[PDB]
Structure formats: structure tokens, C-alpha cells
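Chemist: These protein sequences, in sequence, are chains A, B, C and D. So for the first sequence, the working numbering puts the first residue at 7; every next one is plus one. So for the second sequence, the working numbering puts the first residue at 22; every next one is plus one. So for the third sequence, the working numbering puts the first residue at 104; every next one is plus one. So for the fourth sequence, the working numbering puts the first residue at 18; every next one is plus one. Ideal Cβ placement from N, Cα and C applies to all residues, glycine included. Below you will find the structure I want to go over with you.
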Amino acid sequence: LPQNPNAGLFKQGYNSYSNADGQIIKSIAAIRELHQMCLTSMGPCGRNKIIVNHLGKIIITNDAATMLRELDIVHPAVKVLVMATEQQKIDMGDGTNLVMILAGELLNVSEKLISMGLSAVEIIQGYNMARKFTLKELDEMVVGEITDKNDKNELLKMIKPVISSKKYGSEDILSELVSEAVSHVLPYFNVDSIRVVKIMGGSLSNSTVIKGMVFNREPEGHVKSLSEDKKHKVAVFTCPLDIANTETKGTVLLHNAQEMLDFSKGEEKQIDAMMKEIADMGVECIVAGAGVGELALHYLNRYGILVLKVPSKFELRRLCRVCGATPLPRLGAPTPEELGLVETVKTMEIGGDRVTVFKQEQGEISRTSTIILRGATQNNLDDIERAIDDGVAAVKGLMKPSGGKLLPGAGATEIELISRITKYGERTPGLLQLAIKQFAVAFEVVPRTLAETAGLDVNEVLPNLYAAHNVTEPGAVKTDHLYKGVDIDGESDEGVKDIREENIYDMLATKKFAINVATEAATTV
Amino acid sequence: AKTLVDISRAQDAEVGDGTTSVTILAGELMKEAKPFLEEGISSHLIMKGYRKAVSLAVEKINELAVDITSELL
Amino acid sequence: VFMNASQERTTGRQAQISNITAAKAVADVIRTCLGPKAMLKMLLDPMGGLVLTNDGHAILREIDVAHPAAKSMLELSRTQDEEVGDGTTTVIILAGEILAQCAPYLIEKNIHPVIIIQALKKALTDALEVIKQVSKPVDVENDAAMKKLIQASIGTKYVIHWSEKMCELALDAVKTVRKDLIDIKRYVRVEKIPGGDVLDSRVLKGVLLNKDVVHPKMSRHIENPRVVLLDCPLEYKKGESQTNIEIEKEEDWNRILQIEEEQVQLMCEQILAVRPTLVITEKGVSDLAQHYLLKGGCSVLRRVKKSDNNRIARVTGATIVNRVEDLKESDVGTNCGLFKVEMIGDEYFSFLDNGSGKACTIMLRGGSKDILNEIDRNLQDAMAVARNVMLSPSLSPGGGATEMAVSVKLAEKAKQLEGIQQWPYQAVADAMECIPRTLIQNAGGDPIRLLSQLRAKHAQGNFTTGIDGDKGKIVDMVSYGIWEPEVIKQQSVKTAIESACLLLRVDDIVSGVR
Amino acid sequence: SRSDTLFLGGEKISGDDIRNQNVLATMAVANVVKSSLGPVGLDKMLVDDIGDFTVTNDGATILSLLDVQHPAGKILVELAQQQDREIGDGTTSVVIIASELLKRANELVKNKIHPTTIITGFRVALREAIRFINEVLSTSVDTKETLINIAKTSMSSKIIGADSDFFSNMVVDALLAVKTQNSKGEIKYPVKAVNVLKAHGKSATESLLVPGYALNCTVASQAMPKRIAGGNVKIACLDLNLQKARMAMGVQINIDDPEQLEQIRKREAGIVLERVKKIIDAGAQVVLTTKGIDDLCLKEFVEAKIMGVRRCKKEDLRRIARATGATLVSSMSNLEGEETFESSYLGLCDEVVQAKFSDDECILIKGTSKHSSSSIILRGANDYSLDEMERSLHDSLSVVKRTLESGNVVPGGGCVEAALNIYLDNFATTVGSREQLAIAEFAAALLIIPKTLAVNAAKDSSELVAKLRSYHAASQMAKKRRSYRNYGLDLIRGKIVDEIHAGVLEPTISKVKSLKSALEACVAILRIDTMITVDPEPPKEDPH
Ligand SMILES: Nc1ncnc2c1ncn2[C@@H]1O[C@@H](COP(=O)(O)OP(=O)(O)O)[C@@H](O)[C@H]1O
Ligand SMILES: Nc1ncnc2c1ncn2[C@@H]1O[C@@H](COP(=O)(O)OP(=O)(O)O)[C@H](O)[C@H]1O
Ligand code: BEF
Ligand code: BEF
């Protein structure tokens, strides 16, 4: 016996349709799933969640743009707000959480507006007209004196909040190393040069910053290498140190005895010839970047010359920018206008590992520096380099004028905005009023999210901040380490301005895409 | 979902007309009462808070009252 | 619908407790090995692992734990052997015990990790001070300060019965390199010989190695010899690049032949003009290569292990020279007092005795192939405790002493600092007794009476008083030869706790698929 | 290895592993219902793996639906259902105390304490603990006013908590007002309670108590009156099964020569009706059988306008007849020779009206000769709730009974469990040595409950409990009153408050029977070090 409903309109294999309103209710929740997971991650007094790669590797972070980096999602809608955080971490270092936090919330609050009666087009224009007002209003809500960049004074003041956010409790010591490695780059400046090298052993507090990069490698030439010098002049070059090998087809042919009896010698000749030539130039150290020849290595060890094995093509550069020399293909023909002086090239060992270094400069002073991070856990030492790269990106923005404009972070601004955005919609006729009063309360995230982190009764923290519009700066925030509501001004806690603007935009941009789509046709397999 | 579909017949027997409505109300009653759960202190503060609701509401539901003759029915 | 099917998630108190109580596992296993009444373990990984090393790292490596909050211990340990040799086992003890004593608050709470985390974060750096207060270099300063710091280490290992020998054994080799006032911890060489015994381990004051041969007519031994570190192949190794010899004419072949012969014939003679007694190279010469040098009375060498030959020049002062035709006369090594070939076990070692030489090679003999290795790893934990005993003449009064002392300090501070920070302060404080706990439980002497009477005394004085089961009861480990290098006790706490918080910094755990 | 015996399917764990597996198995069944207790606590839903659900906050019933795998867990389930027998409430909590006692006990032998020492450390701390109850419960003998408080405290941490005050009296009044018996010179309230039903649909608050029983039945024939009220009604609880009559078995019927098969066919029915009338002739306002009336014997009870109920609940007609003064008749014959019936068998009520309650109708019996009849007819949204509402009833009615059957009551709310915490450790530690550390844990294990009463609230409550400490410790020590102690937890609003000043109050009995059995369970498992578990009987699976 029957029955069975036929299929209205067929298609290929299998495809998934989604009625737009239903999808919005349904996909607005998918989005909401990764929200409650990103809430607890943002801010210092929060939490970090472990993640096990599809390859088995273990990863722990506070950063939400990385949580998703290691996360394999399926939801085409969630895919968006993930593309957001990720499409920001690259352009701007910090602020990756305020992305998701807002984005998610924007969608969350928009629901009410979508259910009330509004339409997606109406909701979009609503939010949009707020993104233009929230971006500008902030351009003046600053009041934070755009401090000029010099030494470690202004740096440590900014670089701390960027760090104290996830690696809370080591804010002071941490950022110290950051600003340290920074001030070794004579001020347009490149962020990439400051590389980081972490090595197991001891507690993190025993880390150090050396003017120059560190190599987890031993000096070639065996027991014939010095591995210890004083103020030696170096000369780095790519071309293989060994004999001049035929890049194209090439071999060795001999016809008569005289040929053979001498061919063996000829090599020895050229070898020593090439070497001594470069040695006489006063070259105290040859940093091989590509290829090493034992045949001719015979020479270099005897006079008393170092030899750093062939690093990566990309690591030779950042190295050279430390020495002062310059790379040069082909062996021989050294140019003193291409030579560089290196302070010390000793062979120290941390955690019992043979290592060579460029630490300290009398001296010429390196243009690139590296941080040596000692630790006890592979995982932590990794989510420390992150809290560092965040910082290295904060100094990347302050270095490009006039982004060096401070701003009341710690929720302060993210709270004042609540009212400032309300007024706009409070005095704008039309149905768009609602769509604005929502975008406003959307910023309830940062406030509450901080409170809920510390066990603070959220029902008190919010009201307190509202009363404290003080407008002193503000001047008004919440520190998990006190009573009631804290004062941003005091702690010297302020989040860089431009980062917030980027966050407030990328979210309002992404949240709009999710709102904009009506039907999703997902495939299979 | 099995508790809701139960209120349907749970209501139909008692009066027998509020079939479609009781479900539509019961449901939406939680949707606009949800964000007060997490943001709200507890699930029990909301309980007591609902009594003062049904009490008052039943009152207002009595204000708009009409008398049946017992033709005009 | 997300999330992808399927990958496990523990949100809530789950991961919060099922990670600490899960880390406790591996931390519950090793918690028996430590101190005088030690409990060495054996384990068979895939294939016949058959390895029995008491090195807490060596142990936690074989468990190959898969749990995140557990692989943290197999990591918090792995580090130890990088900074400080010994103590590898004791870290985990606390590393976990901390996690352990964090459960009570965390459960009756209503208390976020962040609170507990920083709560210990203070106590930790607080204890780090008290330690830096106790070490004193050096009251009765003597070259024996290191020697007795090793008898504190080797003690309660698979060598303790025969230890006073393996004590002077370690020290000697350590003091052969210029690390005094910097020098690697590799140069001492640990060799493995089949048969024998712990007691029959030789401390070669030079070099050691075996090699392939082609003719034994060579002289087996030479007194105060001349050693050339050649590094070449002489048989007739083909040229690097495609080497070919195209020919013309009837009577040329032989010319090429006698030429080839000549080419090598010369090189060989070149060695002679150096007046050596034993040619040691890193590559292969077989056949005529040996023959001639043997006629001259020189034991030819097959290429000598890479790290092998790199010991020989330093001991002999020679310098390895890959070139033969420019061999100077000041590149050879004669430091060898007596070089023989005394056969041992089923093998035959070439020992270069004698010294002014850095690599104090040790040819360690054993009775079982699974024990020779348990002794090796039983000196890596020593030679390093020696190395650090030199680098920092600051010595911690170990033996569960530095712990019982730190506790009183932390316990002292916590009372004045009352509040929700008092408990977590009295945490690392109490949990600091983790060591003296099973340190005695392993032995047998009552622990509870011992610490209830150890605290009751150590509290009113006896700042450096540990539990010495030599006579039962407890006394100042400062008097007896109980000395643990500073770095060990210090660095360990900072490390054991580093994870004792990381595993609390955990919200949930999300997995994957294969 | 081994050889030992015997595998497979038969194995055994030893010392540590067991003492652990036992503790884990206990925290398991424990930690599930560790959220339930306390006003701040919630309810749960259990799935009949066939869709069917069941929402409940009761700890006992909740653990039953779990399935209790393992000896240690099921041991707690067994300890649970014990509590209902003692009391009726606290099942959710007793399990916790026990579990915590093991948890700690083992955490001591894990410190090489040895069980014997511990098993005594409780053995004593328990006796002294009750010796402290002698100071707390006594003052709670004098304090209908405080009976509605106990019935109300049995509402919180429950669904009917929202309507506590309302149902608080519906509970008290039926037992207090209409539910008293007397057997062998003893006065007690129904430990088998008073009929309670459920009305599908309708208002929450509007659950109708009844001035009489509520026999759940429908009128035999539609032709019968749906109600017979007024006053002095003729009730008859007849378990005669007056339906029909068939030959007495073994008494075959072989006829001849007649022609008389009919002369007795009707005679088979006659003797039936003859008894039916003999009873109808004494009153017959309402007839209530257990076996049931027959169509050919209803017409007779119908024409006389006598309400007849086919096949009632035997457990009812008893309780009903006991109140109306009637006499649940078994067999017709009364001595010999007797038919029989006497108007002295019938009952005395006021109204016998068959009411209606949403697509359903039950006959009520209002008013009685002896004024002891109560039936609470609940009414809510779904069966899913109307049932659980009854659980809060069966679990609250009890708290009162136990109370009114023992003058001594106790300041609950974490109060008692707090005083003991401080009192034994501060004052029990006279023996000292090792035995001290045992007693200690026994006291510490008591905080387990006050703790969870707080942790149930998402907010940081680590402090709210810390205060309950200092406060209670204040009664004596340290370093003419007015006694500043006797306070308790106000889960509803943070911070301490005197519990006696509040409706909160738990029967002393409950605080004892639960404190005591929680120990025996713990002990019994402490003594365990090896669990030999032999496989059952496998299927033949014979290759031949
Ligand atoms: N004392 C503080 N120092 C630094 N940040 C603080 C401090 N107090 C609160 N915060 C929070 O830390 C910042 C945000 O946390 P973060 O994890 O960096 O989010 P995001 O990097 O995506 O912007 C602040 O703007 C604020 O909300
Ligand atoms: N004479 C001693 N009496 C009691 N305990 C000792 C004595 N000497 C050493 N110990 C204990 O053993 C050492 C700890 O080593 P441990 O980390 O447990 O394993 P291992 O010695 O193999 O590294 C300490 O010195 C101390 O806790
Ligand atoms: F959360 Be931010 F990106 F540090
Ligand atoms: F085993 Be020890 F701690 F190295």
C-alpha cells in the first residue's frame, strides 16, 4: 500500500536548497555556535582551547583567528565570518576577535529585527549607515594623544595591551622582549625582519633578545672551524663553495698519463687558489648559503676561518641584513664594498644544543634581530610567538603615520559607542531606526564579554558602565582584578585606534554578506 | 518538541478551539525569553518571574469580558 | 550542518577536570620510582623494546601518551634533560600533584582557572626566591664538591651498589674539557661493548673505536705514536663528476695504467713523509692502501666514525686534513701515550690512551644488552649534574629538604595574605610535599609520622633538613653528602608548574579524524 | 602470569585499581545528580531510547532510570531508594554524602593510611556527629505554622517551587485534616498516603483538593445517575463481584431425564440477582465493587437509580469504607444461615458526584462519617509535568508525615551540615595521631553538600560558603550568647541568613537516617580490595 509524495522539480545527483528566511534562522545559529566558543577566548582573563590537527598535531591558542585557522568548518555561512577573522589577521595583526564577536552579535541582534518584520535589504542599509557613523565617530572619539614613536617609551605602552590580551600575567616581561628586538632597527620599516627563535629549557622568564639572528646549526669544516672569534669581518655568498660545477652538461675527460697524473693536482691547485684569494681579503668568516665543497674545504679551516652551513634561501637575506655584507653569486672576485662586519660569531649552546649566533654589536648593529624564547612546553612557546607577532604587527601600524593614534580600549570605547551609536538612530526617521538601535546594543559584546570572563555579575557591570559615561576620557572600563568597574585611564590600558576601526569594519562587512544571502545551494562530497 | 505537540491536544480537550494558537504562543514564548537565560542570572529567577506574569495577564484577560445570553450564541 | 561529523568536544568542567585527572595518570605511574627505595620500570613498545631506564624522560617517552594534557608531562619532562640532567622524574610528580590539589577548589567552585592560574603563578615565583637564598658557593670549597653532588644523583639508580666507582668515573671525564670559567657536553664519548660488567667499565683517557680491515700484519701497538687524521679514499675512487679516460694509440693504455698506479703510489708515499705510526681517516682505503702502510709498520684505519675522528684530533692535538699533498708536520697528533688493540667481548677496540686532551672517551662494559644502556642513561643524568655543579657552584640541599623548606616559606606568606588567594597559596605549599611523600612511600618508613614530625621540626628551624633513610628518621641533608645542583630544584618547579597551569588554561578540546 | 582462576569472563581487580574503580563508579552515579539538589538546582529529562521522555528533579527516580551498571554504583542506587523508606526526601543528597565519604576515605588510603583506621575514623565521627544533632534538633520540637514550612522546603529545588506557598498547604491539610489512623494503640499519618490524581490540561495553581476520596472510575451503565448528593448517602463497598454465576468447578452438570436444562438455567442467574436485591434492599444509593457488575445485573441496580461502578480499585474501596464507616464486604454469607446484608454495612457520606476534568470524568465522594478523606487532583500542561508535579507531592507529603511522627526537626539549608563541619574537627580531634586525619575527612566530606548548593549558581560562590563557615564556627570558640550561630544559606539571595527565621526546615529523622546509611555504604566499599567477577552462562554455541 501507498503513499509517497513525488519530487517537485528534479536535478542532478543531490543538491541542497535553503529558503532564505529559514536559512537565516538556521545559519544565524551555525554562526552562533562558533560565537560562544570565541567569546571565552577574547580578552586577558579568558581561556584557551586546544585543537588537534587533521594530521594529529596539538595546538593551543587564545587568538580566535587561529582557532579557526586550525578548524575545518562546513557551514558556508560560518565560512564567511571565518574568512573575516582570517582576512584580517593578515592585513592587521590584532583585533581578530572583535571581528567574530561583533560579526556574530550583529547577526544575533539582527534576528530580532528580522523577526519583528524588517527585510534583509532594510536591515543591510540600517547597519551600513551605522558603519559609516561608527567609523567616523571613532576617528574623533580618540582623545588618546597620538604619541610620537621613540625608544621604548611609547612602544611598551602600546605593545603591552596587544600582548596582555591573551598571554595575561606575563604582559610586562613579554612585551619587554618585543620592544627590545624592535629598537635594534634604525628607523619605512620592515616588520618581517624581526624573526623569533624559541628553544626548550627553563622558564619563559629566562628568555633573551640578541641583536642578530640565531642559528640552530653547527659551523661546517668539522674540527677545523674556529667557532670563536672577535669582531671578525664576514663575507656571505650563494654560489657553491666547491669547484665550479657545470650548470649544464659537463664531465672530465683525460687522454694520456700526463693528463691523469696532473688532473688530480689541478683540482687541488684551483681549490687552494680560490680559497686563499678570499682569505687574504681579511675575510674572517664565510657564510655559505648554497653548497659546500669538501675538496676545497681543506683550505678554509687551516688559516683560521669560520664557515656557516647553507641556510635557507630566505634566511640568508635576513642574515645578511645583520652582518652588513652582501650576497654574490660565483666564487671569488670578492668586493670590499660588499663585505660586512660582524661583532661576534661564537658557538654557545642552550638546552644542550650546538648553536651559532650573531649576538651583540660593538658596533655596526644589525638591521634585524631575533628573540630567544626559553620554555618548558612546545605548545606555550608557540602561542607566545603569536602574542609576539601580534605585537610585531602593532609596531607595524604605529610605524606607518598617522596610525600612531591611541584609543580607550579595555571596553571603554566599545562601551561609549553604545550610546553614541544610539543617538544616531535615535534621531534618524524611518524604519532604519530599529536597524540602528540594534547595531548599537550589538556592541554589548566587548563590555559583557569581559565581565563574564572574571565571574563578575554581568547584571552589575553593564549598569555601572552606563552610569560611567563619565566622558572624562573615558575614563571608564572594567578590570577583572578589582571591585565593581575599573578605570581605563589608570591602568595605562588603551587599544590602538586603527585596529578597532579595521575590526569594526570587517565585521560590519562580513555580517552584511551573511545577512545579504537568501538561498544557499550547497553541493555534495 | 514532544512536549509541545502534547499541549495541542492538552488544550483541545479543555476548550477545544485554541488548537493552532496555543502552540504558536507556547513556542514564541521561549524565543523572546531565551536571551534572558544566559544574560539572566538563572533559569529559576525566570520561573518566579513567570508567575507574576500569568497571574497579571489572566487578570487583563478578564478585563475584556462579554456576557452570553445563552439565537445570539 | 556544522560541526563536521565527527570530532569530539568536551566543553565545561569536563576538559577542566578530565585533563588534570587525566594528566594525573602518567603522573601516578612515575610517582613510585623516585629516591632511595626506587621502583625501576620495564616496557615493551612495538617490537622488542625491552628497555629499562629509570630516567623519567626515558620512561615518559615509551608511554607515548596520546592525551593532550598528558603529552604535556612527556614534554615537561623532555625539557629537564636539556637544562638539568637529573630530576627528570621529580618534575612530573609536582607538575601533576599541583594539578591534583587544584581539583578541590575547582570542584567546590565556582572558581575560574584564571584565578587558580595566577594564584599559583605567584606562589611559584615566590618559591624561586627561597631557593636562590639557600645555595652557598662555597663554604668548605673543594674539588670534591662536584663528586658528592653526583653521589646524590647516581644514588638510587641501577648503579648505586657499584656507584662509588661510577662516581669518580663521571667527574673525571667532565673535567677534561675547557668548560671551566665553556665547552660542550658531547666530547666525552660513551661506547657500548657487549660482554662485561658495570665494574669492568674502562675510562679511556683518550679515544676509542673499531674499524673494518683488509690486512692484520700491521703493528698492533705503538708507544707515543704519530697520528695523521687524513680523511680520504685511496683505493681508486672515481672522480666526482663523470670522470672518463678516452684513449688513442697502441702503447698509451699502459701509460695510463702506470699513471693511475703512480697517482696513488705517490699519495701513499706522501703519508710516509709525515713519519706517522697510525693513519686514521674518515673514508675508505682497502687493498694496497693497507698493504704498504702495514709494511712500514702502521695500522691503517677504515674511515673512522664521523664523531669518532672528531675526538681524536683534540686528544692528540692533531687537525684533520682532507688534503694529502699539503700535509704540514704540525698537523699530526702524538699525544697518544700507548695505542694498542686489546680485544674485549666479541669485538676489538682500538684505544688511544693518554694528557692535555678534551674527549675523555668511556668504553662502558655490561652484562646485559638492556643494562649497558641503562647505565649509559644512568650517567647522562650524572655527567650533566656534574657539568651544572661546575657552571654554578651554588648547591641546593636536596633530598626532599629544599622542598620542605620552600613549603614553610609559602605557607608562611599565605596566612598573612588571607582570602581566595590563601588556599591556592597553601596549594603549591602543600603539594610541595609531593616529593617527600612517595619519596618515603617507596622506601617504606612511615611517611605520615615522618613529615608530621619533619614539619613539626623543620618549622621551628632545620631549614636544610630532608628525609635521609640511611638511618631511618630525618636530618639535615646539609651535613651528609646530599647535594643537588641549584638549577635542578629551581628550574624544575617553574617548569612543572608551567604545565600545572597550561592544563588549567584549557576550556575544551576539539579533535579530528585520522 | 597467573595461572590463577578463572578466565575467560571471570576476572578480578586488585587493591589500588579496585579502590579506584570503586570511587570512580561512585562519583559517577553521584556527580550526575550533584546538580539537582538546592533551590538553585534544576530538573532533567531521561529518554526511553524509543523517543519517550521523563522530566524529573528527584534523585531517587532519576538514578533508577540510569540503570546503575556496576556494583559500586548500583550500591548507591540501593542506598537511594532506602532514603524514601526512612523519609521520602533527600535521596538526591544522601548519595552525595556517601560518595564524598568514599572519595575522601580512599584519598587517605592512597596516602597509605590503611582502611581499618579510616573505617573507624567515621565510625566515631558519626556518633559524635549525632551527639551534635542533639543540640540542633531539640530546639525544633515546639516551633500548623512550622508544618507548612517543612512542606514548603520540600517544594524548592523542585517544579512546584514556583507555587510553593500555594501547594504547601494543599499538602499539609489533607494529611493534617483528613488523614489519621490508629493500629494497636498508635497514631500515625498514612505512610501509604492519600489518593492523588492528575488532570490533563487546565491551570497550574488550580489543582482541586477534595473533602473526600476521588475513586477513578466511570459509571457502569449510562442509564445510572451521574450524581447523588444531599446528605446521609447509602454507600456500599461490595467486593462480592456481583456480576453473574457459573457452576462451582468440579461440580459437573449432567441432566436426565428432563427436560430440566432450562429449569436451572435461569436458576443460575436467579441466585445472583437474589443476592443483588438482598443488598439493594438495605440502602443502595451507591454500589462499589472490585470484581465488577454485569449487564444482566446492572439493569437491576440501574432501575433503582443506584450508582454502580464496575470493578473498582481494591486499595480504594478500603480507604473509602474506612471513612464512611461502611464495611467492605467480602462474601455474602454472614454466619449461618445468612443471605445477607445489614444497613449496618453501608457507609455515611454527603455527596457522590461524578465530576469532569477535560475529556475525562471521575466519581468523587465528598464528606464522610469519619472526617478523614483527602484527594488532591493536580492539573497542568502535559503528562510530562503533571507527573513530576506528583513526584514533588509524594516527596513532600512524606517530609511532613515523618515530621508529624517525630517531634524533633532540624534547621536545614546547609546549616546542620555546616555546624558538624566545624564542630567535629575543632572539637572531635582529641584522639589525634592518624585517627584524626580520618575524622577530619569525615567532617570535610559533609561540606560537599553546602558546596553544591552554591556551585549550582553560575556565579562565583566560593565565598558564600566560606562565610557559612566562620559564622557557624562562632557558636563555640575560638581564641550567655547571644548565640550568634544557627544561621544558614539563602541560595535565593547571596549571603547568610538565619534559617529558622525562614520557612526552611527539614525533619531531624531525615538528617539522621541519611547521615547514618551514607556511612555504612561507604564502609562496605572501603573493606573492598578485590572484586572477582565471574562470567555468566553463555549460549551453547556448540560446534557439534
Ligand atoms: N588592562 C588591559 N590590558 C589590555 N587589554 C585589556 C585590559 N583590560 C581589558 N582588556 C581587553 O583586552 C583587549 C581585547 O582583547 P583581544 O584578545 O586582544 O581582542 P582583539 O585582539 O580581537 O582585539 C581590550 O580592548 C579589552 O577589551
Ligand atoms: N641519601 C638519600 N636519602 C633519601 N633520599 C635521597 C637520598 N639521596 C637522594 N635522594 C632522593 O633522590 C633524588 C631525586 O631523584 P629522582 O628525580 O626522584 O629520580 P632520579 O635520582 O633517577 O633523577 C634526590 O636527591 C632525593 O629526593
Ligand atoms: F584578540 Be586579539 F586578536 F588579540
Ligand atoms: F630520575 Be631523575 F629525576 F632524573
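Kindly list the residues whose CB is nearer than 7 Å to the CB of C:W526, restricted to its own chain and excluding five residues on each side of it in sequence; keep chain order.
Modeler: Counting from one through the third sequence, the residue named residue 526 of chain C turns up at place 423. Excluding residues within five positions, the ones whose Cβ falls inside 7 Å are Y208.
Chemist: From the DSSP output, which residues share a beta bridge with C:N347?
Modeler: Position 244 of the third sequence, counted from the first residue, corresponds to residue 347 of chain C. According to DSSP, C:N347 bridges with A:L259.
Chemist: Could you check whether the Cβ of A:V502 sits closer than 7 Å to any heavy atom belonging to ligand 1?
Modeler: Counted from its first residue, the first sequence places residue 502 of chain A at position 496. Not so, every heavy atom of ligand 1 lies at least 7 Å from the Cβ.
Chemist: For the segment 452 to 466 of chain C against the segment 265 to 280 of chain C, do three or more pairs of beta-carbon atoms, one drawn from each stretch, fall closer than 8 Å, so that the two count as touching?
Modeler: Output reads yes: the segment 265 to 280 of chain C touches the segment 452 to 466 of chain C.
Chemist: Alpha carbon to alpha carbon, how far is D:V426 from D:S157? Give it in angstroms, no decimals.
Modeler: For the purposes of this step, residue 157 of chain D is taken as the residue at position 140 of the fourth sequence. For the purposes of this step, residue 426 of chain D is taken as the residue at position 409 of the fourth sequence. The straight-line gap from Cα to Cα measures roughly 5 Å.
Chemist: Can you have a look at C:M486 and say buried or exposed, based on whether 16 or more other CB atoms are within 10 angstroms of its CB?
Modeler: The sequence position of residue 486 of chain C within the third sequence is 383, counting from 1. Under this definition C:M486 is a buried residue.
Chemist: Helix or strand or just coil, what does DSSP make of A:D248?
Modeler: Sequence index remark: in the first sequence, residue 248 of chain A carries index 242 (1-based). In this structure, A:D248 counts as coil in the three-state DSSP scheme.
Chemist: How far does the beta strand (DSSP E) with D:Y504 in it reach, from first residue to last?
Modeler: Counting from 1 along the fourth sequence, the entry for residue 504 of chain D is found at position 487. First-last of the beta strand (DSSP E) with D:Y504: 504 to 506.
Chemist: Does any C-beta atom of chain C lie closer than 8 Å to the C-beta of residue 10 of chain D?
Modeler: There is no way to answer for residue 10 of chain D, as the model of chain D reaches only from 18 to 561.
Chemist: Does DSSP classify C:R289 as helix, strand or coil?
Modeler: On the third sequence, position 186 is the one that residue 289 of chain C refers to. In the structure shown, C:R289 sits in coil (DSSP, three-state: anything other than H, G, I, E or B).
Chemist: Output needed in chain order: residues of the segment 368 to 398 of chain D with a Cβ under 7 Å from some Cβ in chain B.
Modeler: Those residues of the segment 368 to 398 of chain D that come within reach of chain B (Cβ to Cβ, closer than 7 Å) are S375, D376, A398.
Chemist: Could you name the residues whose beta carbon sits closer than 5 Å to any heavy atom belonging to ligand 1, keeping them in chain order?
Modeler: So the residues near ligand 1 by this Cβ test are A:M48, A:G49, A:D100, A:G101, A:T102, A:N103, A:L104, A:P167, A:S170, A:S171, A:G415, A:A416, A:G417, A:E497, A:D499, A:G501.
Chemist: Output the distance between the C-alpha atoms of D:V319 and D:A240, rounded to the nearest integer angstrom.
Modeler: What you label residue 319 of chain D is simply residue 302 of the fourth sequence in a count that begins at 1. What you label residue 240 of chain D is simply residue 223 of the fourth sequence in a count that begins at 1. Roughly 6 Å between the two C-alpha positions.
Chemist: Compute the distance between the beta-carbons of D:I393 and D:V540, then report whether it is under 8 Å.
Modeler: As a working note, residue 393 of chain D is residue 376 in the fourth sequence. As a working note, residue 540 of chain D is residue 523 in the fourth sequence. Contact flag unset, no.
Chemist: Leaving out the 5 sequence neighbours to the left and right, which residues in its chain are closer than 8 Å to D:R263 when beta-carbon positions are compared?
Modeler: By one-based count along the fourth sequence, residue 263 of chain D stands at place 246. Correct list, in chain order: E285.
Chemist: Between the segment 395 to 403 of chain C and the segment 426 to 434 of chain C, are three or more C-beta pairs nearer than 8 Å?
Modeler: Output reads no: the segment 426 to 434 of chain C does not touch the segment 395 to 403 of chain C.
Chemist: With D:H518 as the anchor, note down where its beta strand (DSSP E) starts and where it stops.
Modeler: As a first step, residue 518 of chain D is located in the fourth sequence; it is residue number 501 there, counting from the start. Premise fails: D:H518 is in no beta strand (DSSP E) and is neither H nor E.
Chemist: Is the Cβ of B:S64 closer than 8 Å to any Cβ of chain D?
Modeler: Here residue 64 of chain B is taken as the residue at index 43 of the second sequence, counted from 1. By this cut-off, B:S64 is an interface position.
Chemist: Could you give the distance in angstroms between the alpha-carbon of D:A77 and the alpha-carbon of D:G354?
Modeler: Counting from one through the fourth sequence, the residue named residue 77 of chain D turns up at place 60. Counting from one through the fourth sequence, the residue named residue 354 of chain D turns up at place 337. Approximately 54 Å, taken between the alpha carbons.
Chemist: If you check the beta carbons only, do A:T419 and A:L412 fall under 8 Å apart?
Modeler: By one-based count along the first sequence, residue 419 of chain A stands at place 413. By one-based count along the first sequence, residue 412 of chain A stands at place 406. Against a cut-off of 8 Å, the Cβ pair of A:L412 and A:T419 comes out as no contact.
Chemist: Measuring only between beta-carbons, confirm whether A:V464 sits less than 8 Å from chain B.
Modeler: Residue 464 of chain A sits at position 458 when you count from the first residue of the first sequence. Yes, its Cβ sits closer than 8 Å to a Cβ of chain B.
Chemist: Can we say the segment 277 to 295 of chain C touches the segment 316 to 330 of chain C, given the rule of at least three CB pairs closer than 8 Å?
Modeler: In short, these stretches do not touch, since the Cβ pair count stays below three.
Chemist: So is the beta-carbon of C:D484 under 7 Å away from any non-hydrogen atom of ligand 4?
Modeler: To locate residue 484 of chain C, count along the third sequence from 1; it is residue 381. Checking the Cβ of C:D484 against ligand 4 gives yes.
Chemist: Name the DSSP bridge partner or partners of A:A294?
Modeler: Here residue 294 of chain A refers to the residue found at position 288 of the first sequence. Answer by DSSP bridge pairing, in chain order: A:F243.
Chemist: Given the structure, does C:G502 come close to ligand 4, in the sense that its CB is under 7 Å from one of the ligand's heavy atoms?
Modeler: Position 399 of the third sequence, counted from the start, is the residue given in the question as residue 502 of chain C. Not so, every heavy atom of ligand 4 lies at least 7 Å from the Cβ.
Chemist: Does any C-beta atom of chain A lie closer than 8 Å to the C-beta of C:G547?
Modeler: Looking up residue 547 of chain C in the third sequence gives position 444. No, C:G547 lies away from the interface with chain A (no Cβ there is under 8 Å from its Cβ).
Chemist: With a threshold of 16 other CB atoms inside 10 Å of the CB of B:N83, please say whether the residue is buried or exposed.
Modeler: Here the question's residue 83 of chain B lines up with position 62 in the second sequence. Exposed, by the Cβ-count rule.
Chemist: Would you kindly report the start and end of the unbroken beta strand (DSSP E) that includes D:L363?
Modeler: Stepping through the fourth sequence from its first residue, residue 363 of chain D is reached at position 346. Note, D:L363: premise wrong, no beta strand (DSSP E); not H, not E.
Chemist: Output, in sequence order along the chain, the residues in the segment 530 to 554 of chain C whose CB is closer than 7 Å to any CB in chain D.
Modeler: The residues in question are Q544, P550, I551.
Chemist: If we call anything under 8 Å between Cβ atoms a contact, is D:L454 one with D:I114?
Modeler: The count along the fourth sequence starts at 1 and reaches residue 454 of chain D at position 437. The count along the fourth sequence starts at 1 and reaches residue 114 of chain D at position 97. Cβ atoms of D:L454 and D:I114: not closer than 8 Å.
Chemist: For the segment 356 to 363 of chain C and the segment 472 to 480 of chain C, state whether three or more C-beta atom pairs, one from each stretch, are separated by less than 8 Å.
Modeler: Cβ pair count under 8 Å is below three, so no.
Chemist: So, is D:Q98 buried or exposed, given that buried needs 16 or more other C-beta atoms within 10 angstroms?
Modeler: For the purposes of this step, residue 98 of chain D is taken as residue 81 along the fourth sequence, with counting starting at 1. Exposed, since its Cβ has fewer than 16 Cβ neighbours within 10 Å.
Chemist: Is A:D495 a contact residue of ligand 3, with contact defined as CB to any heavy atom under 7 Å?
Modeler: Counting from one through the first sequence, the residue named residue 495 of chain A turns up at place 489. No; taking the cut-off as 7 Å, the Cβ of A:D495 has no heavy atom of ligand 3 nearer than that.
Chemist: Can you round the beta-carbon distance between D:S413 and D:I176 to whole angstroms, since I take them to be within the 8 Å contact cut?
Modeler: Start at 1 with the first residue of the fourth sequence, and residue 413 of chain D comes out as number 396. Start at 1 with the first residue of the fourth sequence, and residue 176 of chain D comes out as number 159. Actually they do not touch by this definition, with Cβ atoms about 11 Å apart.
Chemist: Just checking A:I394 against ligand 2 - is the residue's beta carbon closer than 7 Å to any of the ligand's heavy atoms?
Modeler: Along the first sequence, read from residue 1 onward, the residue named residue 394 of chain A stands at position 388. Answer for A:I394: no, Cβ out of range of ligand 2.
Chemist: With a threshold of 8 Å between beta carbons, is C:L605 in contact with chain A?
Modeler: The residue you call residue 605 of chain C lines up with position 502 of the third sequence. C:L605 counts as touching chain A.
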